[PDB]
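# A closer look at the structure
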Amino acid sequence: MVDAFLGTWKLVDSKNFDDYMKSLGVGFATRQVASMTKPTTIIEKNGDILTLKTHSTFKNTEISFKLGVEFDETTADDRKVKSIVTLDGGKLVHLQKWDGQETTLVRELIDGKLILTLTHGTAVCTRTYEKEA
Ligand SMILES: CCCCCCCCCCCCCCCCCCCCC(=O)O
């Protein structure tokens, strides 16, 4: 069910990521470096455990989870959140909750590209990744 998401993905387009980071309270210097990084996202499965790595010259992260089971997460910007990832409409939907706040990280495949939509507050960001062979 998640299998077309698996693999190594490289960032090839970003829209409104500064808006998203600023909504989350990320400081200007961090937003500045993040606006020029191009992460690699690696999505691997082992049985029903998924591991999602995000690698860059600035910040690395890694999470492991089962679909539909809440997990603790510490984000790249150091928020301690309660997370859950599920498949919804063929999209991989990651919801983070903290301090009564929420943000969603939604991944959808369109013409072989992975489109990540990041929503917090009113800010909506769309990032596009292409597979690596
Ligand atoms: C988990 C993302 C880590 C790699 C980040 C790229 C280099 C620096 C960015 C981190 C800056 C703090 C803002 C983080 C906000 C939260 C996660 C955004 C992930 C975006 C993506 O996966 O394309």
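Residues numbered from 1 in each chain as written, not as in the entry; some residues may be left out. Heavy atoms only, no water. Residues with missing side-chain atoms left out of burial classes, pairs and counts.

The record names X-ray crystallography as the way this model was obtained, at a resolution of 0.93 Å.

### Quick notes on the packing of aromatic side chains
Counting across every chain of the model gives two aromatic pairs. Look at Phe-17 and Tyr-20: their rings are 6.4 Å apart centre to centre, the planes differ by 15 degrees, and that puts the pair in the stacked class. Taken as a pair, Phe-17 and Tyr-20 lie in helix α1 (residues 17-23) at a separation of three residues, close to a single helical turn. Judged by relative accessible area, which is 19%, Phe-17 ranks as buried. Residue placement shows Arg-79 over the ring face of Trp-98; its charged tip is 4.6 Å from the ring centre. (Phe/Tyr/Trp six-rings, centres within 6.5 Å; stacked < 30°, edge-to-face > 60°. Helix = DSSP H or I, 4+ residues; strand = E, 2+ residues; numbered from the N terminus. Buried < 20%, exposed > 50% of the residue type's maximum accessible area, 1.4 Å probe, protein only. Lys NZ or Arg CZ within 6 Å of the ring centre and 35° of its normal.)

### Considerations on the site of the ligand
Neighbouring the ligand are 17 residues, the closest being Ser-56, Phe-58, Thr-61, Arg-127 and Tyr-129. A distance of 2.7 Å separates an oxygen atom of the ligand from a polar atom in the side chain of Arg-127. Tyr-129 has a polar side-chain atom sitting 2.6 Å from an oxygen atom of the ligand. Protein burial of the ligand: of its 570 Å² of free accessible surface, 94% is covered by the chains. Among the elements of the structure, α1, α2 (28-34) and β10 (123-132) are those that each provide at least two residues to the shell around the ligand. Of the residues that constitute the shell around the ligand, the class distribution is eight nonpolar, five polar and four charged. (Near = heavy atom within 4 Å. Polar contact = N/O pair within 3.5 Å; in protein donor to acceptor, adjacent residues only side chain to side chain. Areas by Shrake-Rupley, 256 points an atom, 1.4 Å probe, with all protein chains shown as cover. Nonpolar A, V, L, I, M, F, W, Y, C, P; charged D, E, K, R; others polar.)

### As for the pattern of salt bridges
As enumerated under the stated definition, the model contains seven salt bridges in all. The residue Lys-10 makes a salt bridge to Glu-132 at a minimum N-O spacing of 3.3 Å. Highlighted residues: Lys-10 in strand β1 (residues 7-15) and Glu-132 in strand β10, separated in sequence by 122 residues. Taking the relative accessible area as the measure of exposure, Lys-10 reaches 31% and is therefore partly exposed. (Salt bridge = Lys/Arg side-chain N within 4 Å of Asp/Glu carboxyl O.)

### Brief notes about the UniProt feature "binding site: hexadecanoate" in the chain
When the UniProt feature table is mapped to this numbering, "binding site: hexadecanoate" covers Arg-127, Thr-128 and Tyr-129. Since its relative accessible area comes to 5%, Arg-127 is described here as buried. Among all residues touching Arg-127, those that are not within four sequence positions of it are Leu-11, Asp-13, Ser-14, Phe-17, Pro-39, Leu-114, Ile-115, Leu-116 and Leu-118. Along the chain, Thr-128 turns up in strand β10. Leaving out residues up to four positions away in the same chain, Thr-128 has contacts with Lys-10, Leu-11, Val-12, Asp-13, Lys-113, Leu-114 and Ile-115. (UniProt positions renumbered as here; feature names shortened; annotations may be inferred. Contact = heavy atoms within 4.5 Å.)

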